[PDB]
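Have a look at start_1.cif below; it lists mmCIF, C-alpha atoms and all ligand atoms.
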```cif
data_final
#
loop_
_atom_site.label_atom_id
_atom_site.label_comp_id
_atom_site.auth_asym_id
_atom_site.auth_seq_id
_atom_site.Cartn_x
_atom_site.Cartn_y
_atom_site.Cartn_z
CA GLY P 4 73.50 119.59 52.74
CA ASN P 5 77.13 119.69 53.88
CA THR P 6 77.44 121.87 57.05
CA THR P 7 77.28 121.21 60.81
CA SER P 8 76.61 124.16 63.19
CA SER P 9 77.00 124.48 66.96
CA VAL P 10 75.49 126.75 69.61
CA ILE P 11 77.54 127.17 72.78
CA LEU P 12 75.37 127.08 75.89
CA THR P 13 75.77 128.60 79.32
CA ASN P 14 74.92 126.39 82.29
CA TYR P 15 73.26 128.39 85.01
CA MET P 16 73.12 126.36 88.32
CA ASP P 17 72.33 123.09 86.48
CA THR P 18 68.78 124.45 85.91
CA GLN P 19 68.97 126.78 82.91
CA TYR P 20 70.91 126.09 79.71
CA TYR P 21 70.82 128.90 77.18
CA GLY P 22 72.63 130.17 74.10
CA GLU P 23 72.64 133.37 72.07
CA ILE P 24 70.74 134.19 68.88
CA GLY P 25 70.68 137.41 66.85
CA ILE P 26 67.43 138.93 65.55
CA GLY P 27 67.16 141.72 62.95
CA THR P 28 69.54 144.00 61.01
CA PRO P 29 71.80 144.86 62.74
CA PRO P 30 71.45 141.79 65.03
CA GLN P 31 69.86 142.30 68.45
CA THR P 32 71.24 139.50 70.67
CA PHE P 33 69.08 137.42 73.06
CA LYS P 34 69.78 134.63 75.55
CA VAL P 35 67.40 131.77 74.65
CA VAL P 36 66.49 128.29 75.84
CA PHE P 37 66.31 125.73 73.01
CA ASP P 38 63.18 123.77 73.93
CA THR P 39 62.09 120.45 72.35
CA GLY P 40 58.90 120.64 74.43
CA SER P 41 57.54 123.55 72.36
CA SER P 42 57.57 124.86 68.80
CA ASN P 43 57.39 128.68 68.96
CA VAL P 44 60.19 131.28 68.89
CA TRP P 45 59.60 134.30 71.13
CA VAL P 46 61.59 137.11 72.72
CA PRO P 47 60.39 140.03 74.93
CA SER P 48 59.23 143.08 72.93
CA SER P 49 60.06 146.77 73.30
CA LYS P 50 56.19 147.10 73.20
CA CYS P 51 56.09 145.27 76.60
CA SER P 52 54.71 147.51 79.38
CA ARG P 53 57.47 148.27 81.91
CA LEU P 54 54.87 147.46 84.61
CA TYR P 55 56.00 143.84 83.89
CA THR P 56 59.26 143.83 85.90
CA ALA P 57 60.44 140.92 83.68
CA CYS P 58 60.48 143.40 80.77
CA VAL P 59 62.57 145.89 82.76
CA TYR P 60 65.17 143.16 83.45
CA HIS P 61 65.31 141.29 80.13
CA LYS P 62 66.50 142.29 76.68
CA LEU P 63 63.69 143.63 74.47
CA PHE P 64 63.35 143.36 70.68
CA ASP P 65 62.93 146.78 69.07
CA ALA P 66 61.41 146.35 65.55
CA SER P 67 62.12 150.11 64.95
CA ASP P 68 65.86 149.38 64.96
CA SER P 69 65.69 146.55 62.41
CA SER P 70 65.81 147.23 58.63
CA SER P 71 64.88 143.58 57.86
CA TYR P 72 61.72 143.49 60.00
CA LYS P 73 58.40 142.52 58.39
CA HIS P 74 55.20 143.32 60.31
CA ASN P 75 52.49 140.74 61.03
CA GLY P 76 50.69 141.71 64.25
CA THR P 77 48.63 138.52 64.79
CA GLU P 78 48.00 138.18 68.54
CA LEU P 79 49.10 135.00 70.26
CA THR P 80 49.27 133.50 73.71
CA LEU P 81 51.72 130.76 74.66
CA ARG P 82 50.65 128.72 77.73
CA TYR P 83 53.54 126.77 79.27
CA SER P 84 53.69 124.49 82.32
CA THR P 85 55.37 127.18 84.41
CA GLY P 86 53.66 130.31 83.10
CA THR P 87 52.13 132.19 80.20
CA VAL P 88 53.38 134.73 77.69
CA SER P 89 51.32 136.86 75.34
CA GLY P 90 52.14 139.19 72.45
CA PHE P 91 52.12 139.30 68.64
CA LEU P 92 53.79 137.76 65.59
CA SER P 93 56.62 139.41 63.63
CA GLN P 94 59.08 138.33 60.95
CA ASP P 95 62.82 139.01 60.82
CA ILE P 96 66.19 137.42 60.18
CA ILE P 97 67.47 135.16 62.98
CA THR P 98 71.13 134.07 63.34
CA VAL P 99 71.68 130.73 65.13
CA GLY P 100 75.29 129.40 65.28
CA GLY P 101 76.33 130.89 61.96
CA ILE P 102 73.06 129.88 60.22
CA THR P 103 70.80 132.78 59.12
CA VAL P 104 67.03 132.20 58.63
CA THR P 105 63.95 134.32 57.95
CA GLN P 106 61.68 133.43 60.89
CA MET P 107 58.21 134.21 62.25
CA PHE P 108 58.45 134.78 66.00
CA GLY P 109 56.49 136.16 68.93
CA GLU P 110 57.15 139.65 70.29
CA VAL P 111 56.09 139.23 73.95
CA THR P 112 54.20 142.18 75.47
CA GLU P 113 52.91 140.36 78.60
CA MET P 114 55.59 138.61 80.70
CA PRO P 115 54.74 137.56 84.30
CA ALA P 116 57.31 137.94 87.10
CA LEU P 117 56.69 134.29 87.95
CA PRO P 118 58.55 132.53 86.36
CA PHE P 119 60.27 135.09 84.08
CA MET P 120 62.06 137.10 86.79
CA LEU P 121 63.80 133.80 87.66
CA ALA P 122 64.93 133.31 84.05
CA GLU P 123 68.54 134.10 83.11
CA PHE P 124 67.42 133.78 79.49
CA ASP P 125 65.30 136.30 77.54
CA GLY P 126 63.31 134.02 75.29
CA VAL P 127 62.66 130.60 73.86
CA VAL P 128 63.55 128.87 70.61
CA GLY P 129 61.08 125.99 70.24
CA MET P 130 62.69 122.83 68.78
CA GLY P 131 59.42 120.87 68.52
CA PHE P 132 57.23 120.11 65.50
CA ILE P 133 54.83 122.40 63.55
CA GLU P 134 51.94 120.26 64.90
CA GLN P 135 52.59 121.87 68.34
CA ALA P 136 53.21 125.44 67.10
CA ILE P 137 50.63 127.98 68.28
CA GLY P 138 49.26 129.89 65.28
CA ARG P 139 50.72 127.08 63.08
CA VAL P 140 53.90 129.18 62.57
CA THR P 141 56.79 127.31 60.89
CA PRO P 142 59.35 126.30 63.57
CA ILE P 143 62.95 127.48 63.20
CA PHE P 144 64.42 124.00 62.55
CA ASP P 145 61.93 123.40 59.71
CA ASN P 146 63.06 126.70 58.15
CA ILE P 147 66.75 125.73 58.58
CA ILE P 148 65.98 122.29 56.98
CA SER P 149 64.33 124.09 54.00
CA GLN P 150 67.70 125.79 53.32
CA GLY P 151 69.36 122.44 52.51
CA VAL P 152 72.66 123.36 54.24
CA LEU P 153 72.64 120.76 57.04
CA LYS P 154 74.41 117.40 56.59
CA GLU P 155 71.57 115.66 58.48
CA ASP P 156 67.96 116.34 59.46
CA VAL P 157 69.01 116.01 63.15
CA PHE P 158 70.02 118.12 66.17
CA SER P 159 71.83 117.08 69.36
CA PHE P 160 72.03 118.29 72.95
CA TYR P 161 74.90 118.13 75.37
CA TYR P 162 74.27 119.57 78.87
CA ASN P 163 77.32 119.72 81.17
CA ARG P 164 77.25 118.59 84.79
CA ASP P 165 79.61 121.43 85.70
CA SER P 166 77.87 124.80 86.17
CA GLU P 167 80.49 126.54 88.25
CA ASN P 168 84.07 126.86 86.96
CA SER P 169 84.85 128.71 83.73
CA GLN P 170 86.63 126.91 80.78
CA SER P 171 84.19 123.96 81.26
CA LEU P 172 81.54 124.83 78.57
CA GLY P 173 77.98 124.74 79.90
CA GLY P 174 76.54 122.76 77.03
CA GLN P 175 76.22 122.56 73.27
CA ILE P 176 73.62 122.13 70.56
CA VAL P 177 74.81 120.68 67.26
CA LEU P 178 72.56 121.50 64.30
CA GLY P 179 72.86 118.85 61.58
CA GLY P 180 74.67 116.16 63.58
CA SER P 181 76.28 115.10 66.88
CA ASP P 182 79.57 115.77 68.63
CA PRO P 183 81.55 112.55 69.39
CA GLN P 184 83.65 114.59 71.88
CA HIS P 185 80.59 114.68 74.21
CA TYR P 186 79.34 111.09 74.19
CA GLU P 187 80.71 107.57 74.42
CA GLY P 188 79.55 104.25 73.11
CA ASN P 189 76.78 104.09 70.57
CA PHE P 190 73.43 105.72 70.32
CA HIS P 191 70.44 103.62 71.30
CA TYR P 192 67.35 104.78 69.44
CA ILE P 193 63.69 104.97 70.44
CA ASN P 194 61.03 105.74 67.84
CA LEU P 195 58.48 108.46 68.52
CA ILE P 196 54.93 107.33 69.43
CA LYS P 197 53.92 109.77 66.62
CA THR P 198 55.27 112.68 64.55
CA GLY P 199 54.50 116.15 65.95
CA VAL P 200 55.90 115.53 69.44
CA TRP P 201 59.32 114.48 70.85
CA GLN P 202 57.59 111.82 72.95
CA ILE P 203 58.43 108.14 73.35
CA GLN P 204 56.92 105.11 75.08
CA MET P 205 58.28 104.38 78.59
CA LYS P 206 57.93 100.78 79.79
CA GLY P 207 58.49 101.36 83.56
CA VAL P 208 60.10 103.45 86.32
CA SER P 209 62.14 101.60 88.96
CA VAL P 210 63.17 102.78 92.43
CA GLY P 211 66.00 100.43 93.34
CA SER P 212 65.44 96.92 91.93
CA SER P 213 61.60 97.11 91.94
CA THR P 214 59.30 98.67 89.28
CA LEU P 215 57.12 100.81 91.57
CA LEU P 216 55.83 103.01 88.70
CA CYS P 217 54.71 103.05 85.06
CA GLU P 218 54.09 99.26 84.90
CA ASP P 219 51.77 98.73 81.86
CA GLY P 220 53.63 101.63 80.15
CA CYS P 221 53.46 105.44 80.09
CA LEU P 222 54.67 108.41 78.04
CA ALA P 223 58.03 110.27 78.17
CA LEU P 224 58.46 113.72 76.65
CA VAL P 225 62.20 114.38 75.98
CA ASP P 226 62.21 118.03 76.98
CA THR P 227 65.34 120.14 76.70
CA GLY P 228 63.47 123.19 78.08
CA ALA P 229 62.59 121.53 81.39
CA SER P 230 65.10 121.76 84.28
CA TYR P 231 64.08 118.48 85.90
CA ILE P 232 62.68 115.03 85.37
CA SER P 233 58.91 115.35 85.98
CA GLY P 234 55.96 113.02 86.33
CA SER P 235 52.25 113.48 87.16
CA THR P 236 51.40 114.46 90.81
CA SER P 237 50.21 110.89 91.62
CA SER P 238 53.39 109.29 90.11
CA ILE P 239 55.73 111.69 91.92
CA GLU P 240 53.84 111.37 95.24
CA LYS P 241 54.43 107.56 94.99
CA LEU P 242 58.06 108.03 93.83
CA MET P 243 58.78 110.39 96.77
CA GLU P 244 57.20 108.18 99.46
CA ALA P 245 59.58 105.42 98.24
CA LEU P 246 62.53 107.85 98.57
CA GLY P 247 61.44 109.19 101.97
CA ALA P 248 61.32 112.72 100.52
CA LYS P 249 59.25 115.53 102.02
CA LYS P 250 57.02 117.73 99.84
CA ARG P 251 57.47 121.48 99.91
CA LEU P 252 55.81 124.23 97.86
CA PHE P 253 57.76 123.88 94.57
CA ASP P 254 59.96 120.83 95.15
CA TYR P 255 60.72 117.78 97.27
CA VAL P 256 63.56 117.63 99.81
CA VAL P 257 65.60 115.05 101.72
CA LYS P 258 67.90 115.59 104.71
CA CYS P 259 71.32 116.14 103.10
CA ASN P 260 72.98 113.22 104.99
CA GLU P 261 70.36 110.88 103.51
CA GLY P 262 71.20 112.00 99.94
CA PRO P 263 73.99 109.48 99.23
CA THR P 264 71.82 106.64 100.72
CA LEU P 265 68.94 107.20 98.22
CA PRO P 266 68.30 104.40 95.66
CA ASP P 267 68.93 104.47 91.91
CA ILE P 268 66.02 105.52 89.69
CA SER P 269 65.73 103.67 86.39
CA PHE P 270 63.74 104.60 83.30
CA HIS P 271 62.84 101.77 80.92
CA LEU P 272 63.06 103.12 77.35
CA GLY P 273 63.32 101.12 74.11
CA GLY P 274 64.31 97.90 75.88
CA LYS P 275 67.25 99.58 77.68
CA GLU P 276 67.29 100.76 81.30
CA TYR P 277 68.42 104.41 81.85
CA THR P 278 69.72 104.66 85.41
CA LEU P 279 70.27 107.74 87.53
CA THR P 280 72.13 107.37 90.84
CA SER P 281 71.40 109.74 93.78
CA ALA P 282 74.43 111.86 92.67
CA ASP P 283 72.54 112.39 89.35
CA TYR P 284 69.26 113.54 90.92
CA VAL P 285 70.12 115.16 94.30
CA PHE P 286 71.44 118.72 94.59
CA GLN P 287 74.01 117.53 97.22
CA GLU P 288 74.88 120.94 98.66
CA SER P 289 76.17 119.62 102.02
CA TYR P 290 76.16 116.42 104.08
CA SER P 291 74.46 117.88 107.18
CA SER P 292 71.40 116.31 108.90
CA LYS P 293 70.61 119.98 109.77
CA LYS P 294 70.18 120.94 106.09
CA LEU P 295 67.63 120.03 103.43
CA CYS P 296 68.75 119.02 99.93
CA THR P 297 66.45 119.46 96.90
CA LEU P 298 65.83 116.76 94.30
CA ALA P 299 66.05 117.36 90.55
CA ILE P 300 62.69 115.52 90.12
CA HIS P 301 59.31 117.20 90.60
CA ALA P 302 55.58 116.96 89.87
CA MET P 303 54.31 118.53 86.68
CA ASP P 304 50.85 117.82 85.33
CA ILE P 305 51.03 118.30 81.55
CA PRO P 306 47.51 118.53 80.07
CA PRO P 307 46.10 116.60 77.06
CA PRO P 308 46.86 115.92 74.25
CA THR P 309 50.64 115.94 75.12
CA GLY P 310 50.04 114.84 78.69
CA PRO P 311 49.68 113.22 81.11
CA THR P 312 53.42 112.54 80.50
CA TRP P 313 56.70 112.20 82.25
CA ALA P 314 59.17 114.77 81.04
CA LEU P 315 62.89 113.99 80.73
CA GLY P 316 64.54 117.40 81.21
CA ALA P 317 68.07 118.57 82.10
CA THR P 318 68.46 116.06 84.96
CA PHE P 319 68.24 113.24 82.35
CA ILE P 320 70.14 114.95 79.50
CA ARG P 321 73.15 115.65 81.73
CA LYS P 322 73.72 111.87 81.99
CA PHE P 323 72.47 111.02 78.46
CA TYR P 324 73.65 112.98 75.37
CA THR P 325 70.53 113.28 73.17
CA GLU P 326 70.09 113.22 69.38
CA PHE P 327 66.75 114.38 67.97
CA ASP P 328 66.28 112.70 64.59
CA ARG P 329 63.72 114.42 62.36
CA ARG P 330 64.45 112.24 59.30
CA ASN P 331 63.51 108.98 61.08
CA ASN P 332 61.24 110.38 63.85
CA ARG P 333 63.37 108.92 66.67
CA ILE P 334 65.49 109.95 69.64
CA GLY P 335 68.93 108.56 70.32
CA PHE P 336 70.63 108.40 73.74
CA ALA P 337 74.31 107.85 74.48
CA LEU P 338 76.35 108.22 77.69
CA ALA P 339 77.42 111.87 77.92
CA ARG P 340 81.07 112.80 78.57
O1 LIG P 401 57.62 126.07 81.20
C1 LIG P 401 58.53 125.21 81.12
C2 LIG P 401 59.65 125.46 82.10
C3 LIG P 401 60.33 126.63 82.31
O2 LIG P 401 60.22 127.75 81.55
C4 LIG P 401 60.12 127.68 80.19
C5 LIG P 401 59.07 128.39 79.58
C6 LIG P 401 58.95 128.32 78.18
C7 LIG P 401 59.85 127.56 77.41
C8 LIG P 401 60.87 126.86 78.05
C9 LIG P 401 61.02 126.91 79.44
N1 LIG P 401 61.21 126.49 83.28
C10 LIG P 401 61.97 127.49 83.81
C11 LIG P 401 63.28 127.34 84.36
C12 LIG P 401 63.98 128.40 84.95
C13 LIG P 401 63.39 129.68 84.99
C14 LIG P 401 62.11 129.88 84.46
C15 LIG P 401 61.42 128.81 83.91
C16 LIG P 401 61.06 125.27 83.87
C17 LIG P 401 61.70 124.62 84.94
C18 LIG P 401 61.33 123.30 85.23
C19 LIG P 401 60.35 122.63 84.47
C20 LIG P 401 59.71 123.27 83.40
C21 LIG P 401 60.07 124.59 83.11
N2 LIG P 401 58.44 124.18 80.24
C22 LIG P 401 57.27 124.10 79.37
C23 LIG P 401 57.81 124.34 77.96
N3 LIG P 401 58.84 123.35 77.67
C24 LIG P 401 59.91 123.14 78.62
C25 LIG P 401 59.43 123.11 80.06
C1 LIG P 402 50.76 136.85 59.41
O1 LIG P 402 51.56 135.78 58.88
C2 LIG P 402 50.89 134.72 58.13
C3 LIG P 402 51.95 133.98 57.24
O2 LIG P 402 52.82 133.17 58.01
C4 LIG P 402 49.88 135.29 57.16
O3 LIG P 402 49.17 134.29 56.46
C5 LIG P 402 48.94 136.29 57.92
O4 LIG P 402 47.86 136.74 57.07
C6 LIG P 402 49.82 137.45 58.39
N1 LIG P 402 49.02 138.58 58.79
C7 LIG P 402 49.33 139.90 58.50
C8 LIG P 402 48.27 140.85 59.02
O5 LIG P 402 50.34 140.31 57.88
#
```
Using the file provided, produce a representation of the structure as structure tokens.
Amino acid sequence: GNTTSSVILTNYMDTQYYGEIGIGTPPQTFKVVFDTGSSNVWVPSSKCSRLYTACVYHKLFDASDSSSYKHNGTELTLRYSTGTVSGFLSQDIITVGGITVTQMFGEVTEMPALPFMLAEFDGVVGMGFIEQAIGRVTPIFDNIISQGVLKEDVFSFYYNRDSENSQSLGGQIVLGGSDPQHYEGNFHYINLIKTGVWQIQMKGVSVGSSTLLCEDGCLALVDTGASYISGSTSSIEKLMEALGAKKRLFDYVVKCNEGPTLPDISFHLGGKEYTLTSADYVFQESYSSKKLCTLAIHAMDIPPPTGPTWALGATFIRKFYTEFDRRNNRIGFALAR
């Protein structure tokens, strides 16, 4: 192939990065997260009961308004770390950054308020492998590859640190390459443990100068759909005791004045150390001892076969521009700019 294609992303509060796709003829536009942690495409359906408040608030796909729609109707349930969606399969034309593909996707009829009422996006575009696709449906990137239009069998993620001011650009996905404008230095590559999952070996997790965690190795899922860096409950409990952080319901907190005093956290991947300073992992919203500041690291127990794993989400990608290489089954990291 010859072409490169980009998807402009919106950065919502440093936690949600989403772009727009079109589905059907004429195109019905949806805000979607592009998720390397999963392999299914889904959007909410017009068939979703309005008793699900998430379906009242999000954009719904109406098959009755699309002349290119092809019925399927196979029921499917997608169980994610933060919640579950259920619905049925359909086929239609999807437009992603100027690229048009015929795609099988889920029409979601059951969409829980938690977490979906907290989502700025409507659906998900899974960027993982067919091996992880529920119902063994061909993932969108595999269908785009089949077209033979892309210069390379790769895709790259840039997630901006700036979520506020306009004219910044929230983030960017490049289909078929990388954007040198958003990284510096050279890519350092890490081969996948196996095909089918964007997961790599991690050799250790350091808090300051000492390797408190993951000595003897562990797994690291490079997950564009996750807002934070996550580890298993036991790993995070140990990590947080070392930081002096206090557990709450859905996160860990530190007194805001303590934020800048927190140690660096280093991830040992492919012989290189990937270091995040406290500015990279603390939501430093004030400097008061009277206020609590949340950390962009949390516990998430991912079940087998994928888990138990650490997940390197938006917290990590903000610092490290990421290239997902399908041709060589590897992931490249470079310093984002
Ligand atoms: O469930 C999540 C996650 C998720 O939802 C998604 C649901 C489906 C697809 C993508 C995101 N969100 C999320 C973020 C903001 C609002 C609602 C949900 C997470 C926030 C932190 C950590 C994980 C997830 N996963 C599991 C699937 N892969 C990415 C992380
Ligand atoms: C749904 O799609 C798959 C092809 O991807 C097909 O094999 C299956 O039989 C379809 N079912 C119907 C009822 O159209």
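CA of residue 119 in chain P to CA of residue 306 in chain P spans 21.3 Å [interatomic distance, one decimal].
The space separating CA of residue 110 in chain P from CA of residue 127 in chain P comes to 11.2 Å.
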Find the residues near residue 47 in chain P: any atom within 10 Å, counting only C-alpha atoms, skip ones fewer than 6 places away on the same chain, and give them as a list in words.
residues 33, 57, 58, 61, 62, 63, 64, 65, 88, 89, 90, 109, 110, 111, 112, 113, 114, 125, 126 and 127 of chain P
What do you get as a PyMOL selection string if you pick all residues at most 7 Å from ligand LIG 401 (chain P), counting all atoms listed in the file?
chain P and resi 18-19+36+38-41+83-86+118-119+121-122+127+226-231
Is there a way to get, as a PDB file with C-alpha atoms, keeping the file's coordinate frame, all residues within 7 Å of the point (73.6, 128.4, 75.4) in file coordinates, counting all atoms listed in the file?
```pdb
ATOM      1  CA  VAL P  10      75.490 126.750  69.610  1.00  0.00           C
ATOM      2  CA  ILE P  11      77.540 127.170  72.780  1.00  0.00           C
ATOM      3  CA  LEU P  12      75.370 127.080  75.890  1.00  0.00           C
ATOM      4  CA  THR P  13      75.770 128.600  79.320  1.00  0.00           C
ATOM      5  CA  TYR P  20      70.910 126.090  79.710  1.00  0.00           C
ATOM      6  CA  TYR P  21      70.820 128.900  77.180  1.00  0.00           C
ATOM      7  CA  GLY P  22      72.630 130.170  74.100  1.00  0.00           C
ATOM      8  CA  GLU P  23      72.640 133.370  72.070  1.00  0.00           C
ATOM      9  CA  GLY P 174      76.540 122.760  77.030  1.00  0.00           C
ATOM     10  CA  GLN P 175      76.220 122.560  73.270  1.00  0.00           C
TER      11      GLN P 175
END
```
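Using all atoms listed in the file for every distance, the candidate list P:266, P:220, P:183, P:247 yields P:266 as the residue closest to residue 282 in chain P.
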